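Asks:
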Amino acid sequence: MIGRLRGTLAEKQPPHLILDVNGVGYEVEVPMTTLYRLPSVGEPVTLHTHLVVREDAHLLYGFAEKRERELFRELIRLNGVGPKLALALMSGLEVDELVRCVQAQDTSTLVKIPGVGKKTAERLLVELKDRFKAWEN
Amino acid sequence: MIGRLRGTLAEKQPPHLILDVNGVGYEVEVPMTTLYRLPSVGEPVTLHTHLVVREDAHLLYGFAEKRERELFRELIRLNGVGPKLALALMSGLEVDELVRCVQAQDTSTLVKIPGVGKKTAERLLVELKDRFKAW
Amino acid sequence: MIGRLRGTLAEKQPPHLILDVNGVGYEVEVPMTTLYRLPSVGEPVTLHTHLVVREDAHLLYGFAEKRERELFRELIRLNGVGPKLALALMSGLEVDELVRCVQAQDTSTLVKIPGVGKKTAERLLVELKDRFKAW
Amino acid sequence: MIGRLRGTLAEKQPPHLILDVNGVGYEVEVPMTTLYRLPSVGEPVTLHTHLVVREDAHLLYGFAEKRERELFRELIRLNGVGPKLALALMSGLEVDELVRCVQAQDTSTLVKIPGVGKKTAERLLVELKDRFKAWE
Amino acid sequence: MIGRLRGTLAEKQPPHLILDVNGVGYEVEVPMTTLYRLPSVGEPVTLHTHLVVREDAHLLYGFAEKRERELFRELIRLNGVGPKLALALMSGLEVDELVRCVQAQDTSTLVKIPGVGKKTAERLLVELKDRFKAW
Amino acid sequence: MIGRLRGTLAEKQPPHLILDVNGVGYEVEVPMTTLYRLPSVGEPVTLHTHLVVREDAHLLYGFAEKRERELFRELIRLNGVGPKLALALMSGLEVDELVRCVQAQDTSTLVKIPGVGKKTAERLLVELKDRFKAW
Amino acid sequence: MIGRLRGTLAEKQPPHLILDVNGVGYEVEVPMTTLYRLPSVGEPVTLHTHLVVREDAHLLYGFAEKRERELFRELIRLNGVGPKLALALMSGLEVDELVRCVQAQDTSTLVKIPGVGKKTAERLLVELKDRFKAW
Amino acid sequence: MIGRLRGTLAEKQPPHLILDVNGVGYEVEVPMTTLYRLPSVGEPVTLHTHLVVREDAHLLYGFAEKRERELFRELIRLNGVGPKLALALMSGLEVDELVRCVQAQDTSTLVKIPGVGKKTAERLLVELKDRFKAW
DNA sequence: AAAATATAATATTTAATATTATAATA
DNA sequence: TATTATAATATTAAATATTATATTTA
DNA sequence: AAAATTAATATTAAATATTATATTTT
DNA sequence: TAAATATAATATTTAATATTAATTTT
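Protein chains in written order, with the working numbering: chain A, -14 to 122; chain B, 120 to 254; chain C, 120 to 254; chain D, 61 to 196; chain E, 120 to 254; chain F, 120 to 254; chain G, 120 to 254; chain H, 120 to 254.
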């Protein structure tokens, strides 16, 4: 439903944000890579958010680039990967690095990311090498 | 709940759009007929959207006309038709000739629509025999 | 969550509305009494809405006055009364007549309301006898 | 999803409010302490809200400070505590008073709060002893 | 699915029983009146059980007479009436006495039953009147 | 899970039965065609049952022939057909007659069945025209 | 629904059992204390089982004594205690020892049980000290 | 809950069975490897069943030997393998060949099984990588 | 190194049915 | 020139009982 | 004052096996 | 005017535990 938020940064409490959009402040969770690029509090920002709807909560996940949001959606669509595991994956390394690892089949880089083990790395490699990285994001 | 969005076209990635309504960009999925009518990116556009609410997602479906939204709601109220099938039906045919086809009991035209086979074709005909008027 | 909408009347298709609240058009269902007091299309309006959330839809119900919204909430809180039946009740009668009938324990007046029968009237009377005392 | 609302106080009937955020009036429930700090109707306000989503309702709970909102979230996160009980706790006591009660393991100060009994106070103490230790 | 159990009374722990139906001991909850008619532990006994199925429990409610089970089913099919309240009503009043009270609108007797207030008694009355038309 | 009950007919309350299978009495609902072929109470009888499981109830439906059970499962698997409509269809006419009617697209015979209208009859014909494929 | 099983011990691989009751082998999970008292395979045994029903599984938990089953039900009735934790508690300690620890508010004894942490220790103490009124 | 059924084979309609356990016939789905070992109709047979409980269905899956039932449980416990796929795998290859092929991480033999592709074969190989002990 | 413990923290749907290709085939 | 089975993809999803009120047929 | 019993009444919600990290031991 | 029969529209949580004011004996 919500695919982009364009407002002013109100509070900066990592990993979360408060993106003030004409009065309504949105609680948006961002990766550390996105955090490293945000301006100072009070400056305008534009995040490509992805809304995760549950039976007990609505959650927003903002990214500085559309490709990042697409990759996050494809990652959370996996059976064993959830929003926070995907966020850790995107924080540990870039999208280009992730696709290079997927097409190279190297679990050493993936296991280096906190929260990612050998089984998780194998599942990620399988489910992405199953024709998801044919075209670079 | 949401019946219309009046903002500016932020970006155009078919079949999806971002409609920047005062900062908040809404992801609306539109038929190809609607896409062939939208202005260039950065210009105002008004869409009559229908909000689909599930247990795990909130989806918006925009249309250039209100009658298209009404027809979409009628189509998705069917037990065998979902948002994707209704979108395919509305992209393949406009409202007028779709109504003509349903009133003419002509499954042939419905079959040519991608994603629409036969069984669903006569199911749609049966369920739309007496659902709407000549319009 | 949403307790009031303050925008401009965009489209008036009874019993539904579209309020262009800074671009976002909220589809609001209102009773006939509320419609009879609405301005023409394009003029500002203020509705005291009540949001009904289900597992497959979000619905908005607007009213001209806050007391009407409160009465609607208490009515739909009942085990046999839903948004449609409550809207019918508030269209047939205003707040004052409804409360006077509840205090007077009148049934024939409630039966005359379309969609309301003998059992519905009895259920309303028994469920509302204790209420409205505080006023 | 919603963590703050900066609008104009349109209506004020306790314990709820109506913040006119650019036309959309959000109905927000606030504790007594927050109500004793809001200006008169028609003046701008800023609440650090917490959106509670259930299977059949979306609810907003506003607070004048972010510390209050964080404490409310931690409280409702408890199994035996819901929004109403947390609001009663926060209305009866401030954040500092509740914190020092938790650290000192005081039940008399918690039972006086309406809606809070002996068993509820015991559960609150046992949970909040380990839920948070260092509070600024 | 289960409408009768014909076994031997293995345990008698009020208000619950254990019917050893060929090895499987079914745990059945019965009214006080039923307990007052059961034989001693180890003797054969037949109960007309009603199976209540929820998302997290399968419960059996046994009765000495079929009419008692029918009345329990009708009572629990109501809105605000449950197996606990229905069992309390059955223990407090016999089937004939309950029917007479329903016909005679004698709420005083119903209020005498523990766990029964005033509004719930009046409800029981009003729904039951047309739920059963004097058998 | 349960596809047959071989016990003794304990009670006969149409359209329901009680099969005393080694002590446990199963509540089984049967069509009129099956009802007419049952023996007297106390005599052994074998029913080919179909267990319907819901979020709040477990229901058994017994038939005198396996083909009847298969047809009932096929009918209730449909979109707008439930156990009640399927049982009405089974009671109204024989399995062979139902197959003949659906193969010949004879709606008039189906309309004569109580509780079966033109719209639902057309739905059944369209959904079962090719399902049987001559068994 | 099921409160006792009286059959024959068919298979015994800990911590689960197969209790052949007239052909139907019920797979029952038992604590180590019950395991140490079971007879050899093929001999009759009576277990006081507790049926746990979930949206996607039906589970049986058998015990050598009724009081053990009552304690298990009380333990799993807690908010933060599940069947696995309750079984670990009952295997690591007897009912008498567990109740004495609850009365004495002893956490050192409880933490010795594998899978039992401190926080769980004082939670169990707080809940059970008030749960046990008479015992 | 049900870990074994010991009755007489009443009806053999592959891939389904009706095992008459003291009157109650149980609908059991078994792999073809079980079909090639069952006795004639009317003869005693023991199956190590596994009960699959859904929101709207209770299902039984029988096997000739316990290790097959264990393997079926492990297979269906996966996040992308269901009872149908597990049954297809067990029918195509026996347990020992299946585990031998998993140890070798060979997909050529898994793809040959009807209903099994390459992606699913690789995923299930990763899932069943050598965690358990060799049979 | 090499494996063996607790413990905090995550993730949370298959089933069935149509539909459109694809390889081999009257 | 069409036919048939298989195979993968991508949807679509499940309610059910109860008042209340319409034409019709007497 | 001085302790106990009780009938409404407003809340509150039921979660279990799988990892991954840290610590510990041989 | 009294139903018959569809006919479609509509509404669809429980139970369990904790609190608290009123009453009764002490």
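Every residue gets a Cβ at the ideal spot worked out from N, C-alpha and C, and that includes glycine.
#1: Give the list of continuous alpha helix (DSSP H) stretches no shorter than 4 residues that lie fully inside the stretch 143 to 185 of chain C.
#2: How long is the line joining the alpha carbons of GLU241 (chain H) and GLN224 (chain H), rounded to whole angstroms?
#3: Return the Cβ separation of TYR180 (chain H) and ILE121 (chain F) in integer angstroms, given the expectation that the two are a contact with Cβ distance under 8 angstroms.
#4: List the residues of chain A whose Cβ lies closer than 9 angstroms to the Cβ of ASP139 (chain B), in chain order.
#5: Taking 8 angstroms as the threshold, find out whether the stretch 121 to 130 of chain F comes into contact with the stretch 125 to 137 of chain H through three or more Cβ pairs.
#6: So, is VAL160 (chain G) buried or exposed, given that buried needs 16 or more other C-beta atoms within 10 angstroms?
#7: Between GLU148 (chain E) and chain G, is there a C-beta pair that is closer than 8 angstroms?
#8: Who are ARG123 (chain C)'s beta bridge partners in DSSP?
#9: Going along the chain, which residues of the stretch 172 to 192 of chain G sit with their C-beta nearer than 9 angstroms to a C-beta in chain E?
#10: Name the chain D residues whose beta carbon is nearer than 9 angstroms to that of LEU170 (chain C)?
#11: Anything in chain G within Cβ reach of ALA129 (chain E), meaning under 7 angstroms, just list it in chain order.
#12: Do we get a CB-CB distance below 8 angstroms when we pair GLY67 (chain A) with the residues of chain D?
#13: Which stretch, first to last residue, makes up the alpha helix (DSSP H) that contains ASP166 (chain D)?
#14: Going along chain G in order, which residues have a C-beta closer than 7 angstroms to the C-beta of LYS179 (chain D)?
#15: Tell me, please, whether the CB atom of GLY161 (chain F) is closer than 8 angstroms to any CB atom in chain E?
#16: With the cut-off set at 8 angstroms, would you say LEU154 (chain B) and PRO134 (chain B) are in Cβ contact?
#17: Just to confirm my understanding: we take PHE132 (chain D), look at its own chain, exclude 5 residues before and 5 after, and list those with CB closer than 7 angstroms. What are they?
#18: Helix, strand or coil: which one does DSSP assign to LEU138 (chain F)?
#19: Taking the DSSP output, what are the residues bridged to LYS131 (chain B)?
#20: Show which residues of chain G have a CB atom less than 9 angstroms away from the CB atom of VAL143 (chain E).
#21: So, is the C-beta of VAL245 (chain B) closer than 8 angstroms to a C-beta in chain F?
#22: If you compare alpha carbons, which of C:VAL171, C:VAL235, C:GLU246, C:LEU247 is closest to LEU119 (chain D)?
#23: With distances taken Cα to Cα, identify the nearest neighbour of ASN198 (chain F) among F:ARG173, F:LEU243, F:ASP215.
#24: Answer with yes or no whether the minimum CB distance from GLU216 (chain F) to chain B is below 8 angstroms.
#25: Can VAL214 (chain H) and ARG186 (chain H) be called in contact, C-beta distance under 8 angstroms?
#26: Which residue wins for smallest C-alpha separation from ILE137 (chain F), given the options E:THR226, E:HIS167, E:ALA207, E:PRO233?
#27: From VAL176 (chain D) to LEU135 (chain D), what distance separates their C-alpha atoms?
#28: With a threshold of 8 angstroms between beta-carbons, can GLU241 (chain G) be considered close to chain D, or not?
#29: Helix, strand or coil for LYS189 (chain D), going by three-state DSSP, please let me know.
#30: Give the secondary structure of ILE232 (chain C) by DSSP, where H, G and I count as helix, E and B as strand, and everything else as coil.
#31: Looking at the structure shown, is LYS237 (chain E) part of a helix, part of a strand, or coil, going by DSSP?
#32: Candidates A:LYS103, A:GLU28, A:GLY67, A:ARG54: which alpha carbon is nearest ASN122 (chain A)'s?
#33: Under three-state DSSP, which class holds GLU79 (chain A)?
#34: My understanding is that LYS237 (chain G) touches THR226 (chain G), with C-beta atoms under 8 angstroms, so please give their C-beta distance in whole angstroms.
Replies: To lay it out plainly:
#1: Residue ranges of uninterrupted alpha helix (DSSP H) with 4 or more members, entirely inside the stretch 143 to 185 of chain C and ordered along the chain, are 151 to 155.
#2: The residue labelled residue 241 (chain H) in the question sits at position 122 within the eighth sequence. The residue labelled residue 224 (chain H) in the question sits at position 105 within the eighth sequence. Taking the CA atoms as reference points, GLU241 (chain H) sits about 8 angstroms from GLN224 (chain H).
#3: Position 61 of the eighth sequence, counted from the first residue, corresponds to residue 180 (chain H). Position 2 of the sixth sequence, counted from the first residue, corresponds to residue 121 (chain F). That belief does not hold up - the Cβ atoms of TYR180 (chain H) and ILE121 (chain F) are roughly 15 angstroms apart, past 8 angstroms.
#4: Residue 139 (chain B) sits at position 20 when you count from the first residue of the second sequence. In chain order: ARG(-11), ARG(-9).
#5: Here the stretch 121 to 130 of chain F makes contact with the stretch 125 to 137 of chain H; the two share three or more CB pairs at distances below 8 angstroms.
#6: Counting from 1 along the seventh sequence, the entry for residue 160 (chain G) is found at position 41. Label assigned to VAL160 (chain G): exposed.
#7: Start at 1 with the first residue of the fifth sequence, and residue 148 (chain E) comes out as number 29. For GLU148 (chain E), the answer is no, since every Cβ of chain G falls outside 8 angstroms of its Cβ.
#8: As a first step, residue 123 (chain C) is located in the third sequence; it is residue number 4 there, counting from the start. Per DSSP, D:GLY85.
#9: Listed by position, the residues of the stretch 172 to 192 of chain G near chain E (Cβ gap below 9 angstroms) are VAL172, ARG173, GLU174, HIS177, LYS185.
#10: Locating residue 170 (chain C) in the third sequence gives position 51, where the first residue counts as 1. Residues of chain D passing the Cβ test: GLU87, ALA117, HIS118.
#11: Start at 1 with the first residue of the fifth sequence, and residue 129 (chain E) comes out as number 10. By Cβ distance, chain G contributes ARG123.
#12: As a first step, residue 67 (chain A) is located in the first sequence; it is residue number 82 there, counting from the start. Output row for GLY67 (chain A): interface = no.
#13: Numbered from 1 along the fourth sequence, position 106 holds the residue referred to as residue 166 (chain D). Neither: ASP166 (chain D) is in no alpha helix (DSSP H) and is coded neither H nor E.
#14: Residue numbering aside, residue 179 (chain D) sits at position 119 when the fourth sequence is read from its first letter. The answer, in chain order, is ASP249.
#15: Stepping through the sixth sequence from its first residue, residue 161 (chain F) is reached at position 42. Answer no: the Cβ-Cβ gap between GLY161 (chain F) and chain E never drops below 8 angstroms.
#16: By 1-based counting over the second sequence, the position of residue 154 (chain B) is 35. By 1-based counting over the second sequence, the position of residue 134 (chain B) is 15. For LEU154 (chain B) and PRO134 (chain B), yes; Cβs fall inside 8 angstroms.
#17: Indexing the fourth sequence from 1 puts residue 132 (chain D) at position 72. Closer than 7 angstroms at Cβ, skipping near neighbours: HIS110, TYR121, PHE123, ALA146, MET150.
#18: Translated into positions along the sixth sequence, residue 138 (chain F) becomes position 19. It is a strand residue.
#19: Start at 1 with the first residue of the second sequence, and residue 131 (chain B) comes out as number 12. Answer is B:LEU136, bridged to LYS131 (chain B).
#20: The sequence position of residue 143 (chain E) within the fifth sequence is 24, counting from 1. Those are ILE121, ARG123, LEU124, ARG125, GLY126, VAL140, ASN141, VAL143, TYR145, listed as they occur along chain G.
#21: Residue mapping note: residue 245 (chain B) aligns to position 126 of the second sequence, counting from 1. So yes, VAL245 (chain B) belongs to the interface.
#22: By one-based count along the fourth sequence, residue 119 (chain D) stands at place 59. Measuring from the Cα of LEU119 (chain D), the nearest candidate turns out to be C:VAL171.
#23: By 1-based counting over the sixth sequence, the position of residue 198 (chain F) is 79. Among F:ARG173, F:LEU243, F:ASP215, the Cα nearest to that of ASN198 (chain F) is on F:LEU243.
#24: Counting from one through the sixth sequence, the residue named residue 216 (chain F) turns up at place 97. No, because no Cβ of chain B sits closer than 8 angstroms to the Cβ of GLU216 (chain F).
#25: Position 95 of the eighth sequence, counted from the first residue, corresponds to residue 214 (chain H). Position 67 of the eighth sequence, counted from the first residue, corresponds to residue 186 (chain H). Yes, the pair counts as a contact, with Cβ atoms nearer than the cut-off.
#26: By one-based count along the sixth sequence, residue 137 (chain F) stands at place 18. For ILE137 (chain F), the nearest C-alpha among the options comes from E:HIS167.
#27: As a position in the fourth sequence, residue 176 (chain D) is number 116, starting the count at 1. As a position in the fourth sequence, residue 135 (chain D) is number 75, starting the count at 1. Those two C-alpha atoms are separated by around 13 angstroms.
#28: One-based indexing of the seventh sequence puts residue 241 (chain G) at position 122. It does; some Cβ of chain D falls within 8 angstroms.
#29: Within the fourth sequence, residue 189 (chain D) is the residue found at index 129, counting from 1. In the displayed model, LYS189 (chain D) falls within a helix according to three-state DSSP.
#30: Locating residue 232 (chain C) in the third sequence gives position 113, counting from the first residue. In the three-state scheme derived from DSSP, where H, G and I count as helix and E and B as strand, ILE232 (chain C) is classed as coil.
#31: Taking the fifth sequence and counting its residues from 1, the one referred to as residue 237 (chain E) is at position 118. Judged by DSSP in its simplified three-state form, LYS237 (chain E) adopts coil rather than helix or strand.
#32: Your numbering for residue 122 (chain A) matches position 137 in the first sequence. Of the candidates A:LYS103, A:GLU28, A:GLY67, A:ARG54, the one whose C-alpha sits nearest the C-alpha of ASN122 (chain A) is A:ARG54.
#33: Indexing the first sequence from 1 puts residue 79 (chain A) at position 94. Note: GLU79 (chain A) maps to coil in three-state DSSP.
#34: Taking the first residue of the seventh sequence as position 1, residue 237 (chain G) is located at position 118. Taking the first residue of the seventh sequence as position 1, residue 226 (chain G) is located at position 107. Rounded, the Cβ-Cβ distance is 7 angstroms, consistent with contact.
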